[PDB]
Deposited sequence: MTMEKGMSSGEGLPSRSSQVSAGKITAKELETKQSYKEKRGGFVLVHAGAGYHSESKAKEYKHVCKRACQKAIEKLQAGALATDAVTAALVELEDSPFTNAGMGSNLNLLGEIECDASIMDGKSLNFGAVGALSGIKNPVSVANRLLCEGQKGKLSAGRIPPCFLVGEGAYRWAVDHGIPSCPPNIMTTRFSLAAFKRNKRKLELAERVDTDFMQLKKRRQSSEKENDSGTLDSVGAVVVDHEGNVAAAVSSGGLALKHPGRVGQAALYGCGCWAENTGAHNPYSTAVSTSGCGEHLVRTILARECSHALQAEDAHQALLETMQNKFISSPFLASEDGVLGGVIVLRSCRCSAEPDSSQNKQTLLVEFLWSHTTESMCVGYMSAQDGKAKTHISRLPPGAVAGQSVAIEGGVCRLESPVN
């Protein structure tokens, strides 16, 4: 029981790398489902999806991340569990094969409470790396996902290698809380359990805290129209980005109340996505492209559909 929606390559359309993203999206979804069926939690699932997404030599995450000004590699990643509302994130991490794994570890450790001080929800540089190792994590000698288990718990994660030639020590939206992803269950204030993951120009997603912002909007009755409004009002026309010459970014979203509504939206020419139900078998991949004539970073594309989980 469960559902998964992932993304990769939310940027500019290439009549080439298309077939790859589809392939990595196909398995990323499956690994996730494998876990959901096998019984794992929303977080273990999403993590596995991102482990697969990062491992694709074609994604700018984990192995294959772009290189900073000094040719060195630095990864950003974060994850959030909707049931407990905990968050794990790493920034400018190097030497680890799966940065998301370190964020997930930080999250899990963080759920053990002060078992003997308040746990760290975000580490960076050498520190993140040392903590990772100090916890038995594979040391090497933008992609994201959303999930909902049989119980109804949503979760999300995101992983990226950052901008190319970015100055050393530059952290983007995949490490920043409320920006890269957001996972939050139902509550006396939230009618729906929502999960979000972002991609694109990290600076545009941060200045606007898009993830959190999408989750709050998606509390409205019309999911499709809530997201649309967010991508336009709070993103494309956001006062906080008025000094920009184009607003680039994309997001995937999941909303379960067990009814599951899933959507994706971008202001980039394209974004590849894949999804699959656990009571569905065989994944589904799609390349989302902006309407003809619509200018990249000036308009919005958005699609999605419902999916009942029995």
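**Q** In sequence order, name the stretches of the deposited sequence that have no C-alpha in these coordinates.
**A** Deposited residues absent from the model fall in 1-40, 156-157, 184-233, 350-363, 417-420.
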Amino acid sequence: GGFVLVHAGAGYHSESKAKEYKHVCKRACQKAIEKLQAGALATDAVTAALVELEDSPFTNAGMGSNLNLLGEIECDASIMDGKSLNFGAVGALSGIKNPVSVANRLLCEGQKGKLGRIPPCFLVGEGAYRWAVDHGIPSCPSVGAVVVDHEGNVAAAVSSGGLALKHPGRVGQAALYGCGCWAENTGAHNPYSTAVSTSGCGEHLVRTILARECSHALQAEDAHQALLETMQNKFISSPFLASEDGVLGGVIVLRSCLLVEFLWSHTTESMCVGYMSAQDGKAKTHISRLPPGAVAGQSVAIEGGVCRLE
From here on, numbers count along this sequence of modelled residues.
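**Q** So 41-49 or 27-35, which one's hotter by mean CA B-factor in the entry?
**A** Stretch with the higher mean C-alpha B-factor: 27-35.
**Q** If you average the CA temperature factors as listed in the entry, which stretch comes out higher, 150-158 or 174-182?
**A** In the deposited entry, the stretch with the higher C-alpha B-factor mean is 150-158.
**Q** Tell me which of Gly82, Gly110, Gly91, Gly144 tops the list for C-alpha B factor in the record.
**A** Across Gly82, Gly110, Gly91, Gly144, the entry lists the biggest C-alpha B-factor for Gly110.
**Q** Highest Cα B-factor in the deposition, which of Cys214, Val124, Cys140, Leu228?
**A** Among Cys214, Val124, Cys140, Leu228, the highest C-alpha B-factor in the entry belongs to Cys140.
**Q** Would you please rank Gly116 by its C-alpha temperature factor against the other modelled residues of its chain and give the third it falls in: lowest, middle or highest?
**A** Highest third.
**Q** Which third of the chain does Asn190 land in by C-alpha B-factor: lowest, middle or highest?
**A** Within its chain, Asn190 is a highest-third residue by C-alpha B-factor, going by the deposited values.
**Q** So where's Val100 on the chain's Cα temperature factor ranking, which third?
**A** Lowest third - that is where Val100 ends up once the chain's C-alpha B-factors are sorted.
**Q** Of the three thirds of its chain by CA temperature factor, lowest, middle or highest, which one includes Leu254?
**A** Middle third.
**Q** When the deposited Cα B-factors of this chain's modelled residues are ordered and cut into thirds, is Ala8 in the lowest, the middle or the highest one?
**A** Middle third.
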